[PDB]
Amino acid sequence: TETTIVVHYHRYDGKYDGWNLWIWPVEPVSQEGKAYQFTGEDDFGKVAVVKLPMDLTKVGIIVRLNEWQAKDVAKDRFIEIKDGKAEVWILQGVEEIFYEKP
């Protein structure tokens, strides 16, 4: 009844203040998104544990600065989800979203 997405984010400039995640359901339903904040950190960068109150197989994600001051990769990207859980790694300026730790 929920989808949990752990998002790892690394910026080579070390300047994470204000960066947050705009995530929206896409399948099996499309709905307007919400902003999610980073909740922790590890050796790769910031960590967000995102909980969405539906079972989802795909979401959209944009890494954004404050309220749309900038987009780190300014196009919609997607995360494929199995059994209500995914974990991804995202790097500043790199379009590809990784499903294993670099």
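Numbers for residues come from their place in the sequence shown, where the first is 1.
Per the PDB record, of the two stretches 78-86 and 15-23, 78-86 carries the greater mean B-factor over its C-alpha atoms. Residue-level temperature factors show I62 in the lowest third of its chain, judged at the C-alpha atom. Annotation for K34: C-alpha temperature factor in the lowest third relative to the rest of the modelled chain, per the entry.
Sort the modelled residues of the chain by CA B factor and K71 lands in the lowest third.
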